[PDB]
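Report on the structure given below.
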Amino acid sequence: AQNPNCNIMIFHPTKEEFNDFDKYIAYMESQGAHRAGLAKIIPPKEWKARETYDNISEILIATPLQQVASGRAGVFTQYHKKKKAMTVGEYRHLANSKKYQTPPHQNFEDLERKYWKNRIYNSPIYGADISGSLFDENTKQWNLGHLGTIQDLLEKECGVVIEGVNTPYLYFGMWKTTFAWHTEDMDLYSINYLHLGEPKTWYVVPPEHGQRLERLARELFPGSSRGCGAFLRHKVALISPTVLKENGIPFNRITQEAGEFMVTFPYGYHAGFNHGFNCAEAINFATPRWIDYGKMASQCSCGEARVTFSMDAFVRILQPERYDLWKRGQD
Ligand SMILES: O=C(O)CNC(=O)C(=O)O
Ligand SMILES: [Mg+2]
Ligand code: NI
Ligand SMILES: [Zn+2]
């Protein structure tokens, strides 16, 4: 079996290998990349997402989210407080202000220490989940706005045409902005490109061990767990690497830098944080290997998770027994 220890793999495709997205994902999996839950892809040196980032300041962040923590330094939840709209230019200035800027540090490791020590005592503001793209229309390879849609993949595998569309999202981050432990909707893949700015550190649990994370989470967030049998779908819980190691949870970590892609694999739990002002673009996607995961994906029906229009059809076709209850939680 390839990659039996479930290590995060890093790939360096040539320009020729960068032409066919589906084929390259399948190549990665042939080498066992999916066992880790997350892979890094460094694009060929000839490639670029767009010419420059000099003209992005007028993008609007309609609902910036202040991420307020509760709990202890290594075991906490976060809620999102809505703030007034601001432009990317305004947000970048805020990120760089003395209140929010990245502290002095020696290296990524020192910064990770400082994150886990001090995250809970600050409430950074995240410009997340903004529909849009920063890829130039003329970028033909690994353009996240031109991938094959999940609806077309389900149609090609299963024969049923469904409604829905699939478009990318922009994330403008600052120091300590945080993504809580989650898998993707319907245990989809995701792909994330860091367009500009400071790094993003990721933590991931191998898919074959995801239930171990779920069991620990039920123990560490006992009220949440009573409220919902799939409360990690709420995307609010954080558990530090120190806590995971103490509880024997298998995981890995990696830092993504500007110009690099990350791919998360079906049922690969992941969490992380931003080092300073940055902008990432991400989208979900599917392959034939996803279908079986989609069929088995847990769902939140307590009402909290509230998701896109396009998840309806996935639940309806792949999980017809669940559909009625899940839709009650949507409505
Ligand atoms: O970048 C972030 O805040 C979160 N991204 C993801 O969880 C992803 O790309 O799957
Ligand atoms: Mg602009
Ligand atoms: Ni994700
Ligand atoms: Zn729920």
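Lettering and numbering for the structure tokens are positional, with chains as A, B, ... in the shown order, residues counted from 1 in each chain, and ligands counted from 1 in the shown order.
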(request) Please identify all polymer residues within 9 Å of residue 285 (chain A), counting only C-alpha atoms, omitting same-chain residues fewer than 5 positions from it, and present them as number ranges by chain. (result) A: 147-150, 153, 166, 188-191
Counting only C-alpha atoms and all ligand atoms, what residues are within 12 Å of ligand 2, given as a compact mmCIF listing (two decimals) with C-alpha atoms, in the first residue's frame?
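Okay, part_36.txt is ready:
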```txt
# COMPACT_ATOMS: atom_id res chain seq x y z
CA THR A 52 -0.43 41.00 -10.77
CA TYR A 53 -2.39 41.53 -7.51
CA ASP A 54 -2.06 45.30 -7.78
CA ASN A 55 -5.67 46.01 -8.52
CA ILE A 56 -7.62 44.00 -5.82
CA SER A 57 -8.23 46.73 -3.18
CA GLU A 58 -11.72 47.58 -4.25
CA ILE A 59 -13.13 44.09 -3.76
CA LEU A 60 -15.78 44.34 -1.02
CA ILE A 61 -15.89 42.13 2.05
CA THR A 87 -12.97 46.88 1.12
CA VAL A 88 -9.93 44.65 0.70
CA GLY A 89 -7.80 47.83 0.92
CA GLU A 90 -9.38 48.70 4.25
CA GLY A 132 -15.55 35.19 -6.62
CA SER A 133 -12.24 34.43 -8.32
CA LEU A 134 -8.83 35.96 -8.76
```
(request) Just list the residues in region 84-252 of chain A DSSP gives alpha helix (DSSP H) on the backbone, as a PyMOL selection string. (result) chain A and resi 88-95+108-118+150-158+210-220+222-227+241-246
(message) When you count only C-alpha atoms and all ligand atoms, which of these residues is closest to ligand 1: A:23, A:235, A:80, A:12?
(response)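 Selected residue with least distance to ligand 1: A:235.
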(request) Give as a PyMOL selection string the residues surrounding ligand 3 up to a distance of 12 Å, considering only C-alpha atoms and all ligand atoms. (result) chain A and resi 37-38+128-129+169+171+178-192+202-204+232-233+235+262-273+280-285
(message) Could you list, as a PyMOL selection string, all protein and nucleic acid residues with an atom at most 8 Å from ligand 4, counting only C-alpha atoms and all ligand atoms?
(response) chain A and resi 227-234+299-305
12 Å contact set for region 246-252 of chain A, only C-alpha atoms, chain neighbours under 4 positions out, as a PDB file with N, CA, C and O atoms, in the first residue's frame:
```pdb
ATOM      1  N   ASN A   5       2.091   5.263   6.198  1.00  0.00           N
ATOM      2  CA  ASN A   5       2.144   6.091   7.405  1.00  0.00           C
ATOM      3  C   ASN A   5       1.277   7.383   7.217  1.00  0.00           C
ATOM      4  O   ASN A   5       1.227   8.196   8.154  1.00  0.00           O
ATOM      5  N   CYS A   6       0.640   7.558   6.035  1.00  0.00           N
ATOM      6  CA  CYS A   6      -0.296   8.720   5.871  1.00  0.00           C
ATOM      7  C   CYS A   6       0.390  10.053   6.025  1.00  0.00           C
ATOM      8  O   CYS A   6      -0.175  11.027   6.567  1.00  0.00           O
ATOM      9  N   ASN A   7       1.608  10.217   5.528  1.00  0.00           N
ATOM     10  CA  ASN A   7       2.308  11.445   5.509  1.00  0.00           C
ATOM     11  C   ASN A   7       1.778  12.401   4.433  1.00  0.00           C
ATOM     12  O   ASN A   7       1.261  11.955   3.383  1.00  0.00           O
ATOM     13  N   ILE A   8       1.855  13.691   4.709  1.00  0.00           N
ATOM     14  CA  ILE A   8       1.461  14.691   3.698  1.00  0.00           C
ATOM     15  C   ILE A   8       2.515  14.688   2.595  1.00  0.00           C
ATOM     16  O   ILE A   8       3.720  14.939   2.870  1.00  0.00           O
ATOM     17  N   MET A   9       2.094  14.480   1.384  1.00  0.00           N
ATOM     18  CA  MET A   9       2.943  14.476   0.236  1.00  0.00           C
ATOM     19  C   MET A   9       2.961  15.800  -0.525  1.00  0.00           C
ATOM     20  O   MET A   9       1.937  16.536  -0.576  1.00  0.00           O
ATOM     21  N   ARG A  35      -4.134   9.278   1.506  1.00  0.00           N
ATOM     22  CA  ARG A  35      -4.138   8.703   2.842  1.00  0.00           C
ATOM     23  C   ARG A  35      -3.870   9.700   3.930  1.00  0.00           C
ATOM     24  O   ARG A  35      -4.285   9.476   5.079  1.00  0.00           O
ATOM     25  N   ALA A  36      -3.098  10.745   3.621  1.00  0.00           N
ATOM     26  CA  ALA A  36      -2.819  11.823   4.563  1.00  0.00           C
ATOM     27  C   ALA A  36      -4.040  12.718   4.851  1.00  0.00           C
ATOM     28  O   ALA A  36      -4.114  13.349   5.927  1.00  0.00           O
ATOM     29  N   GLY A  37      -4.940  12.800   3.880  1.00  0.00           N
ATOM     30  CA  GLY A  37      -6.008  13.754   3.963  1.00  0.00           C
ATOM     31  C   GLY A  37      -5.771  15.090   3.297  1.00  0.00           C
ATOM     32  O   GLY A  37      -6.758  15.851   3.072  1.00  0.00           O
ATOM     33  N   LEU A  38      -4.527  15.427   2.976  1.00  0.00           N
ATOM     34  CA  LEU A  38      -4.111  16.735   2.463  1.00  0.00           C
ATOM     35  C   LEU A  38      -2.831  16.506   1.665  1.00  0.00           C
ATOM     36  O   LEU A  38      -1.957  15.700   2.127  1.00  0.00           O
ATOM     37  N   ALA A  39      -2.714  17.197   0.538  1.00  0.00           N
ATOM     38  CA  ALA A  39      -1.462  17.196  -0.261  1.00  0.00           C
ATOM     39  C   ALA A  39      -1.147  18.651  -0.629  1.00  0.00           C
ATOM     40  O   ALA A  39      -2.072  19.497  -0.772  1.00  0.00           O
ATOM     41  N   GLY A  74      -5.863  25.343  24.309  1.00  0.00           N
ATOM     42  CA  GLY A  74      -5.798  24.224  23.390  1.00  0.00           C
ATOM     43  C   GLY A  74      -7.104  23.571  23.009  1.00  0.00           C
ATOM     44  O   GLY A  74      -7.087  22.597  22.273  1.00  0.00           O
ATOM     45  N   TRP A 181     -11.858  22.653  12.934  1.00  0.00           N
ATOM     46  CA  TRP A 181     -11.810  21.264  12.472  1.00  0.00           C
ATOM     47  C   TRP A 181     -13.077  20.887  11.702  1.00  0.00           C
ATOM     48  O   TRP A 181     -14.192  21.043  12.195  1.00  0.00           O
ATOM     49  N   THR A 201      -1.017  27.809   7.937  1.00  0.00           N
ATOM     50  CA  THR A 201      -0.664  26.518   8.526  1.00  0.00           C
ATOM     51  C   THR A 201      -1.900  25.607   8.630  1.00  0.00           C
ATOM     52  O   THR A 201      -2.970  26.042   9.073  1.00  0.00           O
ATOM     53  N   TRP A 202      -1.729  24.378   8.244  1.00  0.00           N
ATOM     54  CA  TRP A 202      -2.790  23.352   8.227  1.00  0.00           C
ATOM     55  C   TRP A 202      -2.458  22.215   9.124  1.00  0.00           C
ATOM     56  O   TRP A 202      -1.289  21.800   9.217  1.00  0.00           O
ATOM     57  N   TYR A 203      -3.483  21.664   9.775  1.00  0.00           N
ATOM     58  CA  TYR A 203      -3.394  20.405  10.457  1.00  0.00           C
ATOM     59  C   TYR A 203      -4.414  19.450   9.818  1.00  0.00           C
ATOM     60  O   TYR A 203      -5.518  19.904   9.409  1.00  0.00           O
ATOM     61  N   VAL A 204      -4.098  18.145   9.744  1.00  0.00           N
ATOM     62  CA  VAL A 204      -5.015  17.201   9.070  1.00  0.00           C
ATOM     63  C   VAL A 204      -4.970  15.840   9.748  1.00  0.00           C
ATOM     64  O   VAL A 204      -3.874  15.371  10.097  1.00  0.00           O
ATOM     65  N   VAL A 205      -6.093  15.179   9.840  1.00  0.00           N
ATOM     66  CA  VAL A 205      -6.208  13.775  10.308  1.00  0.00           C
ATOM     67  C   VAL A 205      -6.426  12.884   9.105  1.00  0.00           C
ATOM     68  O   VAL A 205      -7.272  13.152   8.248  1.00  0.00           O
ATOM     69  N   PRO A 206      -5.661  11.770   8.986  1.00  0.00           N
ATOM     70  CA  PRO A 206      -5.905  10.839   7.864  1.00  0.00           C
ATOM     71  C   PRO A 206      -7.355  10.411   7.812  1.00  0.00           C
ATOM     72  O   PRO A 206      -7.957  10.111   8.875  1.00  0.00           O
ATOM     73  N   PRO A 207      -7.958  10.298   6.631  1.00  0.00           N
ATOM     74  CA  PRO A 207      -9.334   9.837   6.554  1.00  0.00           C
ATOM     75  C   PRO A 207      -9.642   8.545   7.264  1.00  0.00           C
ATOM     76  O   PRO A 207     -10.675   8.361   7.926  1.00  0.00           O
ATOM     77  N   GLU A 208      -8.695   7.621   7.246  1.00  0.00           N
ATOM     78  CA  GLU A 208      -8.924   6.331   7.922  1.00  0.00           C
ATOM     79  C   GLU A 208      -8.996   6.441   9.399  1.00  0.00           C
ATOM     80  O   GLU A 208      -9.520   5.546  10.079  1.00  0.00           O
ATOM     81  N   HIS A 209      -8.538   7.561   9.930  1.00  0.00           N
ATOM     82  CA  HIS A 209      -8.631   7.851  11.370  1.00  0.00           C
ATOM     83  C   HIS A 209      -9.606   8.954  11.823  1.00  0.00           C
ATOM     84  O   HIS A 209      -9.598   9.401  12.978  1.00  0.00           O
ATOM     85  N   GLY A 210     -10.462   9.398  10.900  1.00  0.00           N
ATOM     86  CA  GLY A 210     -11.333  10.506  11.232  1.00  0.00           C
ATOM     87  C   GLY A 210     -12.227  10.251  12.423  1.00  0.00           C
ATOM     88  O   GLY A 210     -12.484  11.177  13.198  1.00  0.00           O
ATOM     89  N   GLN A 211     -12.691   9.008  12.589  1.00  0.00           N
ATOM     90  CA  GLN A 211     -13.556   8.706  13.717  1.00  0.00           C
ATOM     91  C   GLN A 211     -12.882   8.884  15.040  1.00  0.00           C
ATOM     92  O   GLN A 211     -13.559   9.193  16.069  1.00  0.00           O
ATOM     93  N   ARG A 212     -11.567   8.722  15.068  1.00  0.00           N
ATOM     94  CA  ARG A 212     -10.830   9.000  16.307  1.00  0.00           C
ATOM     95  C   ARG A 212     -10.912  10.464  16.722  1.00  0.00           C
ATOM     96  O   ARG A 212     -11.102  10.745  17.940  1.00  0.00           O
ATOM     97  N   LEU A 213     -10.791  11.369  15.765  1.00  0.00           N
ATOM     98  CA  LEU A 213     -10.987  12.741  16.019  1.00  0.00           C
ATOM     99  C   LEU A 213     -12.402  13.062  16.511  1.00  0.00           C
ATOM    100  O   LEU A 213     -12.566  13.831  17.489  1.00  0.00           O
ATOM    101  N   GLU A 214     -13.401  12.458  15.887  1.00  0.00           N
ATOM    102  CA  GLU A 214     -14.785  12.658  16.249  1.00  0.00           C
ATOM    103  C   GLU A 214     -15.035  12.218  17.689  1.00  0.00           C
ATOM    104  O   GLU A 214     -15.675  12.940  18.477  1.00  0.00           O
ATOM    105  N   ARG A 215     -14.474  11.086  18.068  1.00  0.00           N
ATOM    106  CA  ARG A 215     -14.661  10.566  19.444  1.00  0.00           C
ATOM    107  C   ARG A 215     -14.015  11.515  20.441  1.00  0.00           C
ATOM    108  O   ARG A 215     -14.605  11.797  21.475  1.00  0.00           O
ATOM    109  N   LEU A 216     -12.804  11.982  20.170  1.00  0.00           N
ATOM    110  CA  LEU A 216     -12.186  12.949  21.071  1.00  0.00           C
ATOM    111  C   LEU A 216     -12.999  14.242  21.175  1.00  0.00           C
ATOM    112  O   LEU A 216     -13.130  14.828  22.297  1.00  0.00           O
ATOM    113  N   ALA A 217     -13.510  14.711  20.022  1.00  0.00           N
ATOM    114  CA  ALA A 217     -14.267  15.931  20.018  1.00  0.00           C
ATOM    115  C   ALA A 217     -15.525  15.768  20.901  1.00  0.00           C
ATOM    116  O   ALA A 217     -15.897  16.720  21.648  1.00  0.00           O
ATOM    117  N   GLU A 219     -15.832  13.974  23.501  1.00  0.00           N
ATOM    118  CA  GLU A 219     -15.343  14.041  24.888  1.00  0.00           C
ATOM    119  C   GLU A 219     -15.006  15.482  25.316  1.00  0.00           C
ATOM    120  O   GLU A 219     -15.242  15.893  26.464  1.00  0.00           O
ATOM    121  N   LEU A 220     -14.342  16.220  24.456  1.00  0.00           N
ATOM    122  CA  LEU A 220     -13.893  17.620  24.736  1.00  0.00           C
ATOM    123  C   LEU A 220     -14.947  18.721  24.625  1.00  0.00           C
ATOM    124  O   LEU A 220     -14.756  19.765  25.284  1.00  0.00           O
ATOM    125  N   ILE A 239      -8.913  22.202  18.492  1.00  0.00           N
ATOM    126  CA  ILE A 239      -8.120  21.311  19.333  1.00  0.00           C
ATOM    127  C   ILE A 239      -6.692  21.429  18.886  1.00  0.00           C
ATOM    128  O   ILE A 239      -6.387  21.269  17.699  1.00  0.00           O
ATOM    129  N   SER A 240      -5.790  21.733  19.808  1.00  0.00           N
ATOM    130  CA  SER A 240      -4.375  21.986  19.460  1.00  0.00           C
ATOM    131  C   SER A 240      -3.610  20.728  19.164  1.00  0.00           C
ATOM    132  O   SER A 240      -3.988  19.624  19.562  1.00  0.00           O
ATOM    133  N   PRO A 241      -2.478  20.860  18.475  1.00  0.00           N
ATOM    134  CA  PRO A 241      -1.636  19.671  18.275  1.00  0.00           C
ATOM    135  C   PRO A 241      -1.156  19.017  19.556  1.00  0.00           C
ATOM    136  O   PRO A 241      -0.988  17.795  19.634  1.00  0.00           O
ATOM    137  N   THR A 242      -0.911  19.814  20.571  1.00  0.00           N
ATOM    138  CA  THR A 242      -0.520  19.262  21.862  1.00  0.00           C
ATOM    139  C   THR A 242      -1.592  18.373  22.454  1.00  0.00           C
ATOM    140  O   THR A 242      -1.310  17.249  22.924  1.00  0.00           O
ATOM    141  N   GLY A 268     -11.067  13.954   5.024  1.00  0.00           N
ATOM    142  CA  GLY A 268      -9.863  14.424   5.679  1.00  0.00           C
ATOM    143  C   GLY A 268     -10.112  15.626   6.573  1.00  0.00           C
ATOM    144  O   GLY A 268     -10.237  16.738   6.027  1.00  0.00           O
ATOM    145  N   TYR A 269     -10.242  15.388   7.843  1.00  0.00           N
ATOM    146  CA  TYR A 269     -10.480  16.518   8.797  1.00  0.00           C
ATOM    147  C   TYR A 269      -9.312  17.466   8.745  1.00  0.00           C
ATOM    148  O   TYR A 269      -8.126  17.008   8.829  1.00  0.00           O
ATOM    149  N   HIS A 270      -9.570  18.769   8.687  1.00  0.00           N
ATOM    150  CA  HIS A 270      -8.517  19.748   8.694  1.00  0.00           C
ATOM    151  C   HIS A 270      -8.912  21.001   9.466  1.00  0.00           C
ATOM    152  O   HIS A 270     -10.092  21.324   9.644  1.00  0.00           O
ATOM    153  N   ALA A 271      -7.898  21.754   9.922  1.00  0.00           N
ATOM    154  CA  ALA A 271      -8.042  22.993  10.711  1.00  0.00           C
ATOM    155  C   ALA A 271      -6.746  23.771  10.478  1.00  0.00           C
ATOM    156  O   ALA A 271      -5.739  23.219   9.989  1.00  0.00           O
ATOM    157  N   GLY A 272      -6.733  25.031  10.839  1.00  0.00           N
ATOM    158  CA  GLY A 272      -5.509  25.806  10.721  1.00  0.00           C
ATOM    159  C   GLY A 272      -5.692  27.264  10.951  1.00  0.00           C
ATOM    160  O   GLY A 272      -6.705  27.726  11.461  1.00  0.00           O
TER     161      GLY A 272
END
```
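Computed from the coordinates, the CA of residue 321 (chain A) to atom 7 (O, counted along the ligand's line) of ligand 1 distance equals 27.8 Å.
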(request) From a DSSP calculation on the backbone, collect every residue of region 59-305 of chain A in strand (DSSP E or B) and output the set as a PyMOL selection string. (result) chain A and resi 60-61+65-72+75-82+86-87+125-131+169-173+178-182+189-197+200-204+237-239+252-256+261-264+270-274+278-285
(request) Kindly give the distance, in Å, that separates CA of residue 256 (chain A) and CA of residue 175 (chain A), rounded to a single decimal. (result)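 Between these atoms lies a distance of 14.4 Å.
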(message) Excluding residue 31 (chain A) and its own-chain neighbours fewer than 6 positions away, which residues fall within 9 Å of it when counting only C-alpha atoms? Please give them as a list in words.
(response)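 In the requested format, the answer is residues 1, 2, 3 and 9 of chain A.
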Pull C-alpha atoms from the residues just selected and write them as a compact mmCIF listing (two decimals), in the first residue's frame.
```
# COMPACT_ATOMS: atom_id res chain seq x y z
CA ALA A 1 0.00 0.00 0.00
CA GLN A 2 1.41 3.41 -0.99
CA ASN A 3 2.10 5.96 1.82
CA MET A 9 2.94 14.48 0.24
```
